[PDB]
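What follows is a short report on a single structure.
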Amino acid sequence: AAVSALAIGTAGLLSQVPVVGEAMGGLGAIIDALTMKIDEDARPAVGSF
Amino acid sequence: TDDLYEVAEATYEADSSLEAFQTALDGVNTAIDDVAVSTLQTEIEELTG
């Protein structure tokens, strides 16, 4: 019970850290999608010209 | 870009050709009118007038 309490404690931190940090990694995909979006503006711009 | 700048050159060399129509074509129109016609009439006068 004690050793599992300790190991579930560490597993708590070592899953919270990924599931938060890689949510900010989902935000990474958002930021990168916004870069695709930004260059998808330059396409119409020079298109229009 | 390398369409549009050259579309620009295409428009500019359209315009340059199109101004050169006005000067070249009138260049032909003026080749004979100011030159042969009246002189032929004067030579008709001296021949036969």
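A short reminder: the numbers here are calculations on the coordinates, not readings from a lab.
Debye-formula intensities of chain B, expressed as log10 I(q)/I(0) at q = 0.25, 0.27, 0.30 Å⁻¹, are -0.85, -0.90, -0.96 (one equal scatterer per alpha-carbon, no solvent). Think of it as helices only: each DSSP H run of n ≥ 4 in chain B is worth -39500 (n - 2.57), and spread over all residues that comes to -27500 deg cm²/dmol at 222 nm. Computed on the Cα atoms alone, the convex hull of the protein assembly as shown gives a volume of 65 cubic angstrom per residue. For chain A, the 222 nm mean residue ellipticity estimated from helices alone, with every DSSP H stretch of n ≥ 4 adding -39500 (n - 2.57) and the total spread over all residues, rounds to -33000 deg cm²/dmol.
Semi-axes of the equivalent ellipsoid for chain A, computed as √(5λ) from the eigenvalues of its C-alpha gyration tensor and ordered from largest down, come to 47, 4, 4 Å.
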